[PDB]
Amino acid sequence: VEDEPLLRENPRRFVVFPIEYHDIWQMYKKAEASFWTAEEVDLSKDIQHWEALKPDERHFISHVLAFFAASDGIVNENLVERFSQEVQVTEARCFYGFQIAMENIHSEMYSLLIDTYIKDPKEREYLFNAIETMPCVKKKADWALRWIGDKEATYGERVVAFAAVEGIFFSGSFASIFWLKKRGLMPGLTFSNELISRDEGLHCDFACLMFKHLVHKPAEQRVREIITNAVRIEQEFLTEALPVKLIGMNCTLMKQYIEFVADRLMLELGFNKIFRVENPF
């Protein structure tokens, strides 16, 4: 780990200037400039829209929200107990410091959404504790938590795993909400989804930038394996556990979109595409 510019001991770690890595610094500034709070999302005119929905459309959205409820918390857990601690480069710690704060805002946003659409407290506890109630989302959670507690996996494998969590595990639900936007529905849900997605894309690109700054990283086959496993888990979630059919989407094109996102991630990582499919949406 001493030959790793990103992980090796750094005595100038506590001071910001002079900037050592301008690429990392610019990433941080883009994140900082993107700051927003949950309060900025108007949900007053949304309780009505939630009613104008079909029993299946509410069933879908509520389940997606169930996954998003703790997801950002899990990510922050990793960033606090791991990434932010391991990396010694000031610029990177700055990016991670902001990522943690934004993930907590994302976490609040999703809770606010659930709280706003599900008035019945009985249903609430069922969704809030989705990682302890809904087996479907329990799997995506365990996958992520495993990478947090895995003491064998190198930073290289781990940073790739969370890039998958924030890119691939978010992609399906993201696309679903953007579909609703086109259909003119839930302006509160789709608007927050636009701000959050802008952050995730940023969290993903940073993950790829950290990967590039790693000297000894996992082989391509291992990266394809991790990405591919996340792809399947994400497809199984949106074409089986919770079919996007419930909102008028083709379960086939959704699977293809997931792969398209996995391919973009691979390119960003500096590798060749895995699936070689176009973005259907």
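What we label the rigid core is the largest C-alpha set whose atoms superpose within 1.5 Å from one form to the other. We number the residues from 1 along the sequence you see.
**Q** Rigid core fitted first, then name the stretch among 272-280 and 3-11 whose C-alphas deviate most from the displayed form in 4 other deposited structures of this protein.
**A** Checking 272-280 against 3-11 in 4 other deposited structures of this protein, I find the farther stretch is 3-11.
**Q** Comparing average C-alpha B factors as deposited, tell me which of 43-51 and 217-225 sits higher.
**A** Looking at the record's C-alpha B-factors, the answer is 43-51.
**Q** Is the mean CA B factor in the deposited entry higher across 118-126 or across 87-95?
**A** It is 118-126 that shows the higher mean C-alpha B-factor.
**Q** At the C-alpha atoms, which of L189, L195, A163, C136 reaches the highest B-factor in this entry?
**A** The C-alpha B-factor peaks, among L189, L195, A163, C136, at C136.
**Q** Checking the entry, which one of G73, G149, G201, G156 has the top C-alpha B factor?
**A** Checking the PDB record, the top C-alpha B-factor among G73, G149, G201, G156 is at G149.
**Q** Relative to the other modelled residues of the same chain, rank the CA B-factor of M109 and answer lowest, middle or highest third.
**A** Answer is lowest: the recorded C-alpha B-factor places it there.
**Q** Sorting by Cα B-factor within the chain, modelled residues only, which third would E132 end up in: lowest, middle or highest?
**A** CA B-factor rank for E132: highest third.
**Q** For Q256, return the chain-relative third of its C-alpha B-factor as stated in the PDB record: lowest, middle or highest.
**A** Middle third, going by the recorded CA B-factors of the chain.
**Q** Can you work out whether the C-alpha temperature factor of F170 puts it in the lowest, middle or highest third of the chain?
**A** Middle third.
**Q** Among the modelled residues of this chain, does the Cα B factor of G270 put it in the lowest, middle or highest third?
**A** Within its chain, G270 is a lowest-third residue by C-alpha B-factor, going by the deposited values.
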